[PDB]
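Input: a single structure, listed below in structure tokens.
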Amino acid sequence: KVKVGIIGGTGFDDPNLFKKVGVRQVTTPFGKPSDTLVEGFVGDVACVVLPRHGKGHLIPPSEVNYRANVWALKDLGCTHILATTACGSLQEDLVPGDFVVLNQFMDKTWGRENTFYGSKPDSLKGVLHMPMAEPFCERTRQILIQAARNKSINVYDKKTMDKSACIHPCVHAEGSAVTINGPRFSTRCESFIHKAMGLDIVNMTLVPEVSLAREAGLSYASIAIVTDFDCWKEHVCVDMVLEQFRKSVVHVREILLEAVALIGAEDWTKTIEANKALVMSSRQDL
Amino acid sequence: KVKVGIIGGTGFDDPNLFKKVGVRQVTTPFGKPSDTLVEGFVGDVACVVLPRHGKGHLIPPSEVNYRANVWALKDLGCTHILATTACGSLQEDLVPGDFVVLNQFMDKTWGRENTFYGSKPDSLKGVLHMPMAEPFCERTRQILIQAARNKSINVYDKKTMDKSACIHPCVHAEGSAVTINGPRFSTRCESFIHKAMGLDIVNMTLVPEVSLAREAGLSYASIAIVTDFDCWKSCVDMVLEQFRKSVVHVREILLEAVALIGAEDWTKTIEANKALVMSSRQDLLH
Amino acid sequence: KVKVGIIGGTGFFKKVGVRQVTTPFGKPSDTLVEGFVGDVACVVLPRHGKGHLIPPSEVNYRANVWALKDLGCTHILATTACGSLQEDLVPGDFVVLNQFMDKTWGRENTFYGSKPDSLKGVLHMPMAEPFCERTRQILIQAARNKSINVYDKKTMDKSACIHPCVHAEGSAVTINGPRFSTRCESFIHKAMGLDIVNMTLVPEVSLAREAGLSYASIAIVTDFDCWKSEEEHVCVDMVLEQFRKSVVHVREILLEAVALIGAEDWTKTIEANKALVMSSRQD
Ligand SMILES: Nc1ncnc2[nH]cnc12
Ligand SMILES: Nc1ncnc2[nH]cnc12
């Protein structure tokens, strides 16, 4: 029934979340995934892990085969996808070492395959217009947040708490990402424009991954690791992965493993059926 | 002599604006148009209709061959293009069931062929930089608005009328569209950003259609149908019936607009359309 | 030593010869003119080719930058025509840019990736201040040396703005083209606080940094885009008429800037340019 896929970003190229049971070199109608998929169990919950950028981190954000990654996880029976992403902060209260359970995004990517459906031969037949107002699976979002609570990691909810309750390092219970195409980081001019728009963090990999997960009928939630402030305060590759970030990986692993258990502890029949019905009801050719 | 092409969007996949005299199954130097073009008359005015998404609505917005559609209409001697588009509202006074005769846009599309000219072997030779300050044919916009008046539909001009003149359903006498690439709808984050920029509606099909019409020397005007509020604002059977009624009204507007176009001389406007292309050829002026 | 490449846009020394080169990323826009400014080697490359037949979205920026790198250039000075989005930047002015916002798409914007037509690797370049500051200041000093007014918004104000002037800083929005902006887009860009709009700065500036080169751009204001009156709305004739009046000033600045670069030592700067590339490899 429930099976949890995990897409590991920067810092999660060889996650070792569970003892490896099987290794799947698979293909999809949309090509090869970033790497082999590793299947196993967390407790009694089947789980599948794949590194977004492949082994050795050779695939840049704009060239990841998001379609193949999501479709391959779905083909293996995944009902959920938990994903990590390293990001820069655009706001004073989002400090390096914090995490963010995202609930919103603004898309500035281009040139990436962002839908399974279309009119050309390398796509599924149909025109699919998915609602994306709240683009994540809210139930799965709350499980990431509860998992943090269960692992004694501070949770800061701006809606029900004051700024004095923002004790770092903390998990931010909501937040918006602007997803840029990369590979370059933002200019200071771009960073201030994103901040003035009210965006919380900037990354390169959330879109179209989040969109395709919903197209596939899967429940998707992302946990973003704040690795540095973006250049409005500067961001470098070495800074995006440092001693704080090495500590961040430890706690993100604990959140992910606890989130998988928490997913497995609940019935998802109605949510899964709703995910599938949202796809069929978004077809405008039918 | 004038000849009006009509590109029908959602709700116009198979319109019967007139008894079809002939059909033209053609291709263009830029590929196949979305469907067979249907030829006929409104009164004594020659007319040509093609559905933007093809019959059966199998072609999504980013895959529509805008170049082929415009070129095919130009090849048949069209002097004008009237186009429809179903859109979401970004503003409180643009209510489902209203219409907008667009006069402005912000472009957020990518990955679409948006010009007939370039340095590639299959493009027309030359560098064409068209002015787009006011990107529609203003004379044809005013015909659409007058057609609405002639068909007893309210017209609301916010530049001269108090918001107490905004009586629904109404044709908004001006408005701006943000054209997103699709196929997904916007997030709430994106919707509120577009709203804060002052954009009136969101759609997926205006650009590059409007640009290519001007490149082709054709007078282009768009009438948008507001089908719903975009997701900045938090049953379906009522919305569907409302859209059906909107299609009936837009069909009335198109039929009257064709007659009004035929009732005037367009020699000078057509010549100015063609001169604007020649004066935008940077390679010739250099 | 130093060697300065010049990438000249719309309508834009002792000439020794013309050279055709190939690159791993294709052919440059045109042949390159090799020569000297005093004792400094200099190479001139027309961005849009002879006859201006290549539109901004189709310029092979990777080839142009790599061609100059392969010839041993340490610096690239670039020009571009642009539209002003702000009252105090008027046609005939110049802007030594220091910032940009990118609205381009569909252009090859990096030398590195996982496809066979790119260099193997994942390169995430910092771009907070995307130009070479030393080279920007040389463009400004060159204008001073040629008796062209310099206007600095951080220390002067509109009352002290003498045209035609070189604006000592400024941000560009780079749009993909080939069409000019709508009024709606122009006002949105202006409300974001951008100074000018153009079509060719990106990915040229990004690829220069990827190649370890010092890059600075001087933009020529040819028009007010289309946020003003209808008689002031941009079109090709308007851009070309003003560009022809401003070329000789751009010439004087660029040629003076080449001499000023050659008068200084760039050893540590060049080292830092190269080291920045190496430290940005994530693979
Ligand atoms: N500042 C930043 N911008 C974009 N992606 C990032 N990933 C980590 N830090 C980032
Ligand atoms: N207004 C403008 N927009 C874009 N590119 C330009 N080049 C010159 N003027 C321009």
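Residues are referred to by chain and number: the chain letter is A, B, ... according to the order shown in the structure tokens, the number counts from 1 in that chain, and ligands are numbered separately from 1 in the order shown.
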
Could I get the residue neighbourhood of ligand 2 at 9 Å, counting only C-alpha atoms and all ligand atoms, as a PDB file with C-alpha atoms, in the first residue's frame?
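Dumped to out-v2.pdb:
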ATOM      1  CA  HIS B 129      12.888  43.919 -33.706  1.00  0.00           C
TER       2      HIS B 129
ATOM      3  CA  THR C  10      24.677  47.141 -32.548  1.00  0.00           C
ATOM      4  CA  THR C  80      25.463  47.207 -25.926  1.00  0.00           C
ATOM      5  CA  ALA C  81      22.684  49.551 -26.946  1.00  0.00           C
ATOM      6  CA  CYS C  82      19.890  49.745 -24.398  1.00  0.00           C
ATOM      7  CA  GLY C  83      16.700  51.495 -23.386  1.00  0.00           C
ATOM      8  CA  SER C  84      16.549  53.669 -20.295  1.00  0.00           C
ATOM      9  CA  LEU C  85      13.938  52.883 -17.651  1.00  0.00           C
ATOM     10  CA  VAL C 173      17.223  43.696 -17.194  1.00  0.00           C
ATOM     11  CA  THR C 174      18.180  41.458 -20.120  1.00  0.00           C
ATOM     12  CA  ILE C 175      15.184  40.303 -22.150  1.00  0.00           C
ATOM     13  CA  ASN C 176      15.341  37.533 -24.713  1.00  0.00           C
ATOM     14  CA  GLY C 177      14.016  39.383 -27.740  1.00  0.00           C
ATOM     15  CA  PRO C 178      13.719  39.809 -30.602  1.00  0.00           C
ATOM     16  CA  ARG C 179      10.671  42.003 -29.859  1.00  0.00           C
ATOM     17  CA  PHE C 180      10.891  45.113 -27.727  1.00  0.00           C
ATOM     18  CA  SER C 181       8.951  45.264 -24.450  1.00  0.00           C
ATOM     19  CA  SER C 186       8.460  48.393 -19.221  1.00  0.00           C
ATOM     20  CA  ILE C 196      18.101  49.902 -18.378  1.00  0.00           C
ATOM     21  CA  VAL C 197      16.787  47.127 -20.609  1.00  0.00           C
ATOM     22  CA  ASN C 198      18.829  45.258 -23.232  1.00  0.00           C
ATOM     23  CA  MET C 199      19.084  41.841 -24.914  1.00  0.00           C
ATOM     24  CA  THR C 200      22.754  40.781 -25.027  1.00  0.00           C
ATOM     25  CA  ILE C 220      24.802  53.071 -24.743  1.00  0.00           C
ATOM     26  CA  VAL C 221      21.418  54.604 -23.979  1.00  0.00           C
ATOM     27  CA  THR C 222      19.621  54.973 -27.306  1.00  0.00           C
ATOM     28  CA  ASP C 223      16.002  55.454 -26.163  1.00  0.00           C
ATOM     29  CA  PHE C 224      13.566  55.571 -23.233  1.00  0.00           C
ATOM     30  CA  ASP C 225      12.137  52.074 -23.942  1.00  0.00           C
ATOM     31  CA  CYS C 226       8.382  52.724 -24.016  1.00  0.00           C
ATOM     32  CA  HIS C 233       8.661  54.707 -27.899  1.00  0.00           C
ATOM     33  CA  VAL C 234      11.618  52.565 -28.958  1.00  0.00           C
ATOM     34  CA  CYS C 235      11.980  51.287 -32.529  1.00  0.00           C
ATOM     35  CA  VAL C 236      14.936  50.209 -34.686  1.00  0.00           C
ATOM     36  CA  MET C 238      15.375  55.392 -33.105  1.00  0.00           C
ATOM     37  CA  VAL C 239      18.029  53.042 -31.705  1.00  0.00           C
ATOM     38  CA  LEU C 240      20.240  53.371 -34.771  1.00  0.00           C
ATOM     39  CA  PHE C 243      23.726  54.928 -31.636  1.00  0.00           C
TER      40      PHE C 243
END

_Select, as a PyMOL selection string, those residues of chain B with any atom no more than 9 Å from chain C (distances computed using only C-alpha atoms)._
chain B and resi 104-108+110-111+114-115+117-120+125-135+176+197-199+211+279-286

*Could you list the residues in chain C lying within 8 Å of chain A, using only C-alpha atoms, and format the result as number ranges by chain?*
C: 99-102, 105-106, 110, 113-114, 120-130, 171, 192, 206, 279-283

*Would you give me, as JSON, numbers by chain, the residues of chain A that come within 9 Å of chain B, using only C-alpha atoms?*
{"A": [104, 105, 106, 107, 110, 111, 114, 115, 117, 118, 119, 120, 125, 126, 127, 128, 129, 130, 131, 132, 133, 134, 135, 176, 197, 198, 199, 211, 284, 285, 286]}

*Write out as a PyMOL selection string all residues of stretch 12-148 of chain C that backbone DSSP assigns to helix (DSSP H, G or I).*
chain C and resi 50-52+56-58+61-70+133-145

Create the file for the chosen residues now, containing N, CA and C atoms and written as an mmCIF file, in the first residue's frame.
data_model
loop_
_atom_site.group_PDB
_atom_site.id
_atom_site.type_symbol
_atom_site.label_atom_id
_atom_site.label_comp_id
_atom_site.auth_asym_id
_atom_site.auth_seq_id
_atom_site.Cartn_x
_atom_site.Cartn_y
_atom_site.Cartn_z
ATOM 1 N N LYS C 50 29.109 40.639 -39.081
ATOM 2 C CA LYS C 50 29.031 41.630 -40.146
ATOM 3 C C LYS C 50 27.641 41.588 -40.767
ATOM 4 N N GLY C 51 27.098 42.765 -41.063
ATOM 5 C CA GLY C 51 25.738 42.861 -41.542
ATOM 6 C C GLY C 51 24.672 42.764 -40.473
ATOM 7 N N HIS C 52 25.044 42.501 -39.216
ATOM 8 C CA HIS C 52 24.095 42.438 -38.096
ATOM 9 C C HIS C 52 22.961 41.453 -38.385
ATOM 10 N N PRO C 56 19.903 38.625 -30.982
ATOM 11 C CA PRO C 56 20.478 38.380 -29.644
ATOM 12 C C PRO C 56 20.302 36.961 -29.127
ATOM 13 N N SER C 57 19.129 36.350 -29.318
ATOM 14 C CA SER C 57 18.920 35.005 -28.780
ATOM 15 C C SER C 57 19.732 33.943 -29.511
ATOM 16 N N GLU C 58 20.230 34.230 -30.716
ATOM 17 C CA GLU C 58 20.975 33.255 -31.503
ATOM 18 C C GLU C 58 22.479 33.494 -31.504
ATOM 19 N N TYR C 61 27.206 32.960 -27.659
ATOM 20 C CA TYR C 61 27.967 33.600 -26.589
ATOM 21 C C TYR C 61 29.109 32.713 -26.113
ATOM 22 N N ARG C 62 28.863 31.408 -25.998
ATOM 23 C CA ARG C 62 29.924 30.494 -25.583
ATOM 24 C C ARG C 62 31.096 30.543 -26.558
ATOM 25 N N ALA C 63 30.808 30.515 -27.861
ATOM 26 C CA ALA C 63 31.884 30.565 -28.851
ATOM 27 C C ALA C 63 32.635 31.891 -28.780
ATOM 28 N N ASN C 64 31.905 33.007 -28.670
ATOM 29 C CA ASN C 64 32.551 34.319 -28.644
ATOM 30 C C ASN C 64 33.488 34.440 -27.450
ATOM 31 N N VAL C 65 33.021 34.039 -26.267
ATOM 32 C CA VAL C 65 33.858 34.170 -25.078
ATOM 33 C C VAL C 65 35.022 33.192 -25.126
ATOM 34 N N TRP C 66 34.767 31.943 -25.526
ATOM 35 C CA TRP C 66 35.856 30.968 -25.557
ATOM 36 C C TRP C 66 36.877 31.321 -26.632
ATOM 37 N N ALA C 67 36.419 31.863 -27.760
ATOM 38 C CA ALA C 67 37.357 32.302 -28.788
ATOM 39 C C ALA C 67 38.322 33.340 -28.234
ATOM 40 N N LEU C 68 37.805 34.307 -27.468
ATOM 41 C CA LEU C 68 38.669 35.337 -26.902
ATOM 42 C C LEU C 68 39.598 34.749 -25.846
ATOM 43 N N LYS C 69 39.079 33.850 -25.004
ATOM 44 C CA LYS C 69 39.937 33.158 -24.047
ATOM 45 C C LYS C 69 41.048 32.386 -24.759
ATOM 46 N N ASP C 70 40.702 31.665 -25.834
ATOM 47 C CA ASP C 70 41.691 30.837 -26.529
ATOM 48 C C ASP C 70 42.792 31.682 -27.153
ATOM 49 N N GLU C 133 35.322 44.447 -10.843
ATOM 50 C CA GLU C 133 35.206 45.816 -10.346
ATOM 51 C C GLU C 133 36.367 46.689 -10.814
ATOM 52 N N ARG C 134 37.599 46.165 -10.766
ATOM 53 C CA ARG C 134 38.741 46.924 -11.275
ATOM 54 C C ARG C 134 38.506 47.393 -12.699
ATOM 55 N N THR C 135 37.975 46.513 -13.548
ATOM 56 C CA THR C 135 37.777 46.876 -14.947
ATOM 57 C C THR C 135 36.631 47.875 -15.101
ATOM 58 N N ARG C 136 35.554 47.732 -14.315
ATOM 59 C CA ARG C 136 34.523 48.773 -14.305
ATOM 60 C C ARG C 136 35.141 50.139 -14.035
ATOM 61 N N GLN C 137 35.957 50.234 -12.981
ATOM 62 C CA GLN C 137 36.516 51.528 -12.611
ATOM 63 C C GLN C 137 37.469 52.063 -13.670
ATOM 64 N N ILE C 138 38.057 51.185 -14.482
ATOM 65 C CA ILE C 138 38.900 51.652 -15.576
ATOM 66 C C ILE C 138 38.051 52.283 -16.672
ATOM 67 N N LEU C 139 36.910 51.671 -16.999
ATOM 68 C CA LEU C 139 35.978 52.305 -17.932
ATOM 69 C C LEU C 139 35.573 53.695 -17.454
ATOM 70 N N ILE C 140 35.306 53.842 -16.157
ATOM 71 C CA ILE C 140 34.890 55.140 -15.635
ATOM 72 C C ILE C 140 36.039 56.134 -15.707
ATOM 73 N N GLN C 141 37.245 55.705 -15.324
ATOM 74 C CA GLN C 141 38.393 56.603 -15.379
ATOM 75 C C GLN C 141 38.715 56.986 -16.819
ATOM 76 N N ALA C 142 38.532 56.046 -17.755
ATOM 77 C CA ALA C 142 38.729 56.354 -19.166
ATOM 78 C C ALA C 142 37.808 57.480 -19.614
ATOM 79 N N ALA C 143 36.543 57.445 -19.179
ATOM 80 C CA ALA C 143 35.614 58.531 -19.492
ATOM 81 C C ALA C 143 36.098 59.854 -18.906
ATOM 82 N N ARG C 144 36.534 59.843 -17.644
ATOM 83 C CA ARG C 144 37.112 61.048 -17.053
ATOM 84 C C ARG C 144 38.282 61.552 -17.885
ATOM 85 N N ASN C 145 39.157 60.640 -18.310
ATOM 86 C CA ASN C 145 40.335 61.026 -19.076
ATOM 87 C C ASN C 145 39.961 61.624 -20.425
#

_Excluding residue B:175 and its own-chain neighbours fewer than 2 positions away, which residues fall within 9 Å of it when counting only C-alpha atoms? Please give them as a ChimeraX atom specification._
/B:100-105,172-173,177,199-201

Write the residues of the selection above to a file with N, CA, C and O atoms, as a short mmCIF file (atom, residue, chain, number, x, y, z; two decimals), in the first residue's frame.
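Wrote it out as result32.cif, contents follow:
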data_model
loop_
_atom_site.label_atom_id
_atom_site.label_comp_id
_atom_site.auth_asym_id
_atom_site.auth_seq_id
_atom_site.Cartn_x
_atom_site.Cartn_y
_atom_site.Cartn_z
N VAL B 100 -12.51 40.58 -21.34
CA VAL B 100 -11.51 41.63 -21.43
C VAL B 100 -11.04 41.74 -22.87
O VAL B 100 -10.60 40.74 -23.45
N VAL B 101 -11.12 42.94 -23.44
CA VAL B 101 -10.46 43.24 -24.72
C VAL B 101 -9.06 43.71 -24.34
O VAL B 101 -8.83 44.88 -24.00
N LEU B 102 -8.12 42.77 -24.36
CA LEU B 102 -6.78 43.03 -23.87
C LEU B 102 -6.11 44.17 -24.64
O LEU B 102 -6.31 44.31 -25.85
N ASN B 103 -5.33 44.97 -23.93
CA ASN B 103 -4.44 45.91 -24.60
C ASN B 103 -2.98 45.81 -24.17
O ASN B 103 -2.14 46.48 -24.78
N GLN B 104 -2.65 44.98 -23.19
CA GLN B 104 -1.28 44.89 -22.69
C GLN B 104 -0.98 43.46 -22.27
O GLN B 104 -1.90 42.65 -22.08
N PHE B 105 0.31 43.14 -22.10
CA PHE B 105 0.65 41.83 -21.54
C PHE B 105 2.04 41.86 -20.90
O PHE B 105 2.89 42.68 -21.24
N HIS B 172 -14.44 44.39 -20.11
CA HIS B 172 -13.51 45.40 -19.62
C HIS B 172 -12.78 45.99 -20.82
O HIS B 172 -12.17 45.26 -21.60
N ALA B 173 -12.88 47.32 -20.99
CA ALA B 173 -12.43 47.99 -22.21
C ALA B 173 -10.93 48.00 -22.38
O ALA B 173 -10.44 48.34 -23.46
N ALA B 177 -2.68 40.94 -19.53
CA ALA B 177 -2.58 39.52 -19.25
C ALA B 177 -1.14 39.18 -18.90
O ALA B 177 -0.20 39.68 -19.53
N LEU B 199 -1.37 43.06 -12.87
CA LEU B 199 -1.89 42.34 -14.02
C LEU B 199 -3.34 41.96 -13.77
O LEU B 199 -3.73 41.65 -12.64
N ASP B 200 -4.16 42.00 -14.82
CA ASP B 200 -5.59 41.78 -14.64
C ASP B 200 -5.99 40.31 -14.74
O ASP B 200 -6.82 39.85 -13.95
N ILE B 201 -5.42 39.57 -15.69
CA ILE B 201 -5.79 38.18 -15.91
C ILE B 201 -4.53 37.36 -16.21
O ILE B 201 -3.48 37.90 -16.56
#

*Residue set, stretch 51-245 of chain B restricted to strand (DSSP E), as a PyMOL selection string*: chain B and resi 51+80-89+99-101+104-108+117-118+124-125+154-156+170-172+176-180+201-203+219-229

*Might you pull out every residue within 7 Å of stretch 81-97 of chain A, with only C-alpha atoms counted and same-chain residues fewer than 6 positions away left off, and present them as a PyMOL selection string?*
chain A and resi 4-10+169+195+199-203+218-230+244-245+248
